[PDB]
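Spelled out, the chains give:
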Amino acid sequence: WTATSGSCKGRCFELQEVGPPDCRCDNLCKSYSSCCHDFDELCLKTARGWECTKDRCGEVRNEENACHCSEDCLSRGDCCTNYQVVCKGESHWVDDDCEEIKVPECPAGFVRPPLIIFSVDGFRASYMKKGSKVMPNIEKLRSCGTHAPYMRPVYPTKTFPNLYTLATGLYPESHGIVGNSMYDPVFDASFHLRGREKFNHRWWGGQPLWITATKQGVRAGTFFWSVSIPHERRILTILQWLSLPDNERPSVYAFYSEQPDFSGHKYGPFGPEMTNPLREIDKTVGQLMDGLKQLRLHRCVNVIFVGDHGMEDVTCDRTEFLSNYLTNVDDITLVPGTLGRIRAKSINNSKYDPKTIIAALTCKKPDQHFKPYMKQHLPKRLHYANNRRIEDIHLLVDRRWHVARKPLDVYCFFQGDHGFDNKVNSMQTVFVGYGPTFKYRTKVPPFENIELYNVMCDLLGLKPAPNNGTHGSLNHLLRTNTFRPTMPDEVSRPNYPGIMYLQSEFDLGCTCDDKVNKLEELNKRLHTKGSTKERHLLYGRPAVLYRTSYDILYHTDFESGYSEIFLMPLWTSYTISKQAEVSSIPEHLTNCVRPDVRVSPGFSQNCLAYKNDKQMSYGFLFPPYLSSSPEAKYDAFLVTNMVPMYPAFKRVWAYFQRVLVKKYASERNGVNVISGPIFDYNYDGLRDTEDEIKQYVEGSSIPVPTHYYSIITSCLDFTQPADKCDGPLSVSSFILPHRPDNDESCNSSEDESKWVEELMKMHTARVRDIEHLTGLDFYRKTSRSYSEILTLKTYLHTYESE
Ligand SMILES: *[C@@H]1O[C@H](CO)[C@@H](O[C@@H]2O[C@H](CO)[C@@H](O[C@@H]3O[C@H](CO[C@H]4O[C@H](CO)[C@@H](O)[C@H](O[C@H]5O[C@H](CO)[C@@H](O)[C@H](O)[C@@H]5O[C@H]5O[C@H](CO)[C@@H](O)[C@H](O)[C@@H]5O)[C@@H]4O)[C@@H](O)[C@H](O[C@H]4O[C@H](CO)[C@@H](O)[C@H](O)[C@@H]4O[C@H]4O[C@H](CO)[C@@H](O)[C@H](O)[C@@H]4O)[C@@H]3O)[C@H](O)[C@H]2NC(C)=O)[C@H](O)[C@H]1NC(C)=O
Ligand SMILES: CC(C)c1cc(CNc2ncc(C(=O)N3CCC34CN(S(C)(=O)=O)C4)cn2)cc(OC(F)(F)F)c1
Ligand SMILES: [Ca+2]
Ligand SMILES: [Ca+2]
Ligand SMILES: [Cl-]
Ligand SMILES: [K+]
Ligand code: NA
Ligand SMILES: [Zn+2]
């Protein structure tokens, strides 16, 4: 109930929301159907339009007008944004030369530069270049401020998940807004893009920027705008707020445009009808900047120009239909479109079996334009699993396509859509930062939108709530207010075991044909005490950030941190130069596993368990194929370098180790590799404790990894070899799912050179993803600044063209 007979006079776009049934005058009142009767009359004025003309200059204030051209408008803060241009001979902001903003130039009484977040829906990254001739205000922002070639959204590349990620610094699985529609089975309720349930506060987790600000004494304008409030009125309202007295004036604001998304859906990302929406957004930016300039705030305010996601070409005819695959199609509910989520239509159907569904959807047509996944098997880079609102069965849809349940659901209207995998080029969006706190004419590398919350906090002097950004990885965007973190302290120090066990103490069912001089006797002791470690451990040993028991093991070709709890390495580190040679496994060592006399039988794997486990085999973290010499090759067969691997995954691993590592050393002028296992049985993106492990090698305490990682590092200047690099580093990484079949790869019956690399690209990862999953902290000893290292740890190699 709304008692809509109260008044909005003197309350237009009130910041504090007032409780029902009292009628509201805030920028959302229309969305709750709850505005006072006189709201449109008093707060949505339109008379005489949005521009001064020559004849209105110096007019008598008439309060019916949309904006004013009278002499008192600047003091009042309600001039049309072109007032000084038309009436005082001033120039438009876009026609002024760019001049470096070295310090905030703010009116007296401003305690910090304000921040305005100018958010644009569906603004694809390539619009900055392709639409540059029709967007001169945006282009001036871009070239005079700090910009990135693109900004990576979160998955799914939908509106609310991205806007709310921007607000919180959280992945959708953590903030809770996991799609543009959702079913929460605990609440037994549904969330939709349209409608009222989305306003319930229980959907929205974490702490958004406006709350972070309020709790720390920084006032915020309201970020949300009802669709009917015209853009010009949004701008004028922000300008009015900025004219408030010091004690009432907010320090943070958001503008939102529904364009160019709204047109992009109808015409495609580059349809000829797209030029006008881009022109109109540019005009709006112009209105803000002229507006700020009249108030003497154009060298005071930090402005962020940012999109939620891009836009792809998608039409009705590129729809896949589950009714072409499933005979049971009416026993499921599909969340459809550019992704798919499946659950049982009824939870009382005991016949519904997800395994049969997955199987019926797997590699059934030769060009199938979606791939089914259990959500825990999705690429870890998507961070799209640890929420009850994400259905167990997921469909990753190819770019340019839709999935639907039946043809009747689709009957064409639209030519554009978004929602796909967040590494897809067409889904990329924009970032520009302009103002005293940003750098001047600076280009920064692409970065993820999860990082911006921290930076917005830095811009405002706020302490960010716990989030998924890596605070300091974006310090290179900022002139000042940088955040200078310290490296996490190591929690467990390693043991450095010497030779402590006799060969006959081991009864492991392991066999090796190895019963085979003082020059090379002292030479091999030094290799075991760590004499080559500077070659293979380039950036220091990783730090263990949790309580555990482990050992450092040195060898000629590799160093490892061996866990006595998980009975295998947490990490193995080695360097392969450009000139290194690949050799084969000699016949005398094919099923060789040798006890490691530094490590007790009781903290060692055993071969018998693998013999008994008919499903599980084993591989090696340091590849025997890349041993430096025949004598060094025996080290690769130590039981302490062994890890459990399904024979299907061994095809992947073997191709990586035997072919790809050498290929990368050739291309990159050497590589350093760190590899190891990951255990994430509860799909939370975080390292499992021992008691979370759901699968062991039969009859043993040897835990089975869910994934295997590798971090491949070299010199960014590839004319310098990886091991003698003076400057910045280059990295690519992977987190490969450790699966007993290759059902994920439809071409896996062919040679590994036709399908393994494609799998690995799909499972590309950031170093920081691996850190969360392992509790390790890498790159502890470089000669680089820590912030530069944090940037490197957040890099994702996407394998998309420019
Ligand atoms: C990305 O960054 C984020 C933010 O840092 C990381 O997420 C954090 O991860 C922490 C580690 O998992 C997690 O810590 C837990 O918090 C529990 C209290 O949580 C409530 O309070 C906080 C603070 O206000 C709030 O943030 C939480 O909000 C979540 O839940 C609400 C719904 O209630 C959602 O609206 C919101 O979206 C959010 O959901 C997300 O997180 C939850 C988990 O908290 C997921 O289940 C959701 O799917 C979704 O992802 C909460 O309102 C606290 O109770 C936990 O403590 C248990 O475990 C510890 C182990 O140390 C144990 O010692 C404790 O005693 C306790 O155990 C008991 O409970 C167990 C579980 O019921 C039980 O099994 C045992 O037997 C014990 O009796 C724990 O400290 C923190 O909440 C979230 N925060 C957020 C915002 O998500 C995230 O990890 C990062 N991601 C990556 C990849 O790095
Ligand atoms: C960049 C960050 C800081 C941010 C900006 C804004 C900006 N303001 C805003 N205002 C209204 C809408 C809106 O209405 N949008 C989107 C789809 C729909 C909903 N429908 S509709 C009106 O048809 O129901 C269009 C969207 N953005 C909001 C925001 O909060 C949030 F994440 F929760 F969104 C965060
Ligand atoms: Ca959008
Ligand atoms: Ca986990
Ligand atoms: Cl969705
Ligand atoms: K076996
Ligand atoms: Na296959
Ligand atoms: Zn859209």
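Residues numbered from 1 in each chain as written, not as in the entry; some residues may be left out. Chains lettered and ligands numbered in written order. Heavy atoms only, no water.

This deposited entry lists X-ray crystallography as its structure determination method and 1.8400 Å as its resolution.

Caption draft 1: Representation of the packing of aromatic side chains in the model. What the rule picks out here adds up to 39 aromatic pairs. Ring centres 6.1 Å apart and planes at 65° place the aromatic pair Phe 431 and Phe 438 in the edge-to-face group. Each member of the pair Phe 431 and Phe 438 is classed as buried. Judged by centre distance (5.0 Å) and plane angle (85°), the rings of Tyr 574 and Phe 622 are edge-to-face. Within this pair, whereas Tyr 574 is found in strand β22 (residues 568–576), its partner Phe 622 is found in the loop between β23 (617–620) and α17 (630–633), the two being separated by 48 residues in sequence. Using a relative accessible area of 0% as the deciding quantity, one classes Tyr 574 as buried. Seen from the ring of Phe 187, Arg 202 lies directly overhead, with NZ or CZ sitting 4.4 Å from the centre. The positively charged end of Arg 249 is found above the aromatic ring belonging to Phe 110, 3.7 Å away from the centroid. (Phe/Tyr/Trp six-rings, centres within 6.5 Å; stacked < 30°, edge-to-face > 60°. Buried < 20%, exposed > 50% of the residue type's maximum accessible area, 1.4 Å probe, protein only. Helix = DSSP H or I, 4+ residues; strand = E, 2+ residues; numbered from the N terminus. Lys NZ or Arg CZ within 6 Å of the ring centre and 35° of its normal.)

Caption draft 2: Layout of helix α13 (residues 452–460). With nine of nine residues buried, α13 lies mostly within the body of the structure. Taken as a whole, α13 has its buried residues at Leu 452, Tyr 453, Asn 454, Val 455, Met 456, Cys 457, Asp 458, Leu 459 and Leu 460. Positive backbone phi, at 70°, marks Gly 461, one or two positions downstream of α13.

Caption draft 3: Inspection of the site of ligand 2 at higher detail. Contacts to ligand 2 come from 16 residues, most closely from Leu 163, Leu 193, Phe 223, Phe 224 and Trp 225. At a separation of 3.2 Å, an oxygen atom of ligand 2 approaches a polar backbone atom of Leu 193. Here a nitrogen atom of ligand 2 sits 3.2 Å away from a polar atom, N or O, in the main chain of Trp 225. With the chains in place, 88% of the 710 Å² that ligand 2 exposes on its own is no longer accessible. No other element matches the five residues that helix α6 (residues 159–168) contributes to the shell around ligand 2. Considering only residue class, the shell around ligand 2 consists of twelve nonpolar, two polar and two charged. (Near = heavy atom within 4 Å. Polar contact = N/O pair within 3.5 Å; in protein donor to acceptor, adjacent residues only side chain to side chain. Areas by Shrake-Rupley, 256 points an atom, 1.4 Å probe, with all protein chains shown as cover. Nonpolar A, V, L, I, M, F, W, Y, C, P; charged D, E, K, R; others polar.)

Caption draft 4: Main features of a positive patch on the surface. Judged by side-chain charge, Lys 518, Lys 524, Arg 525 and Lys 529 come together as a positively charged surface patch. As for its position among the elements, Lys 529 is in the loop between α14 (518–528) and α15 (533–536). (Patch = residues over 30% accessible without salt bridge, like charges linked within 9 Å, V, L, I, M, F, W, Y side chains within 5 Å. Salt bridge = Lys/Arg side-chain N within 4 Å of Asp/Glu carboxyl O. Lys, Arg positive; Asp, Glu negative; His and termini not counted. Charge placed at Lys NZ, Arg CZ, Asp CG, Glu CD.)

Caption draft 5: Local environment of the site of ligand 1. Residues in close proximity to ligand 1 include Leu 170, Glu 173, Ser 174, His 175, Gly 205, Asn 386, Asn 387, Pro 466, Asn 467, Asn 468, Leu 686 and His 772, which together make up its full environment. Between ligand 1 and the protein, one listed contact pairs an oxygen atom with a backbone N or O atom of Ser 174 at 2.7 Å. Interatomic distance of 2.9 Å between a backbone N/O atom of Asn 386 and an oxygen atom of ligand 1. Protein chains shield 33% of the accessible area of ligand 1, which is 1500 Å² for the free molecule.

Caption draft 6: Broad picture of helix α9 (residues 231–242). Under the 1.5 Å per step criterion, the end-to-end length of α9 is 17 Å for twelve residues, consistent within 8% with the ideal 16 Å. Considered for burial, the residues of α9 that qualify are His 231, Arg 233, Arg 234, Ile 235, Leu 236, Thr 237, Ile 238, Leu 239, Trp 241 and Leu 242. The secondary structure elements touched by the buried residues of α9 are α1 (39–43), β1 (115–121), β6 (252–260) and α11 (275–294). (Expected span 1.5 Å × (residues − 1). Contact = heavy atoms within 4.5 Å.)

Caption draft 7: Just the pairing of strand β11 (residues 339–344), in detail. Of all six residues in β11, five are buried; the element is thus mostly enclosed. Where strand β10 (residues 332–335) meets β11, four bridges bridge the pair, whose relative direction is antiparallel. Note on β11: the bridge partner recorded for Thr 333 is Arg 343. The antiparallel hairpin formed by β10 and β11 contains three residues in its connecting segment, where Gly 337 sits at a positive phi of about 115°. Where β11 meets strand β13 (residues 393–397), four bridges bridge the pair, whose relative direction is antiparallel. The residue of β13 that forms the bridge with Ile 342 is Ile 393. (Pairing = 2+ DSSP bridges.)

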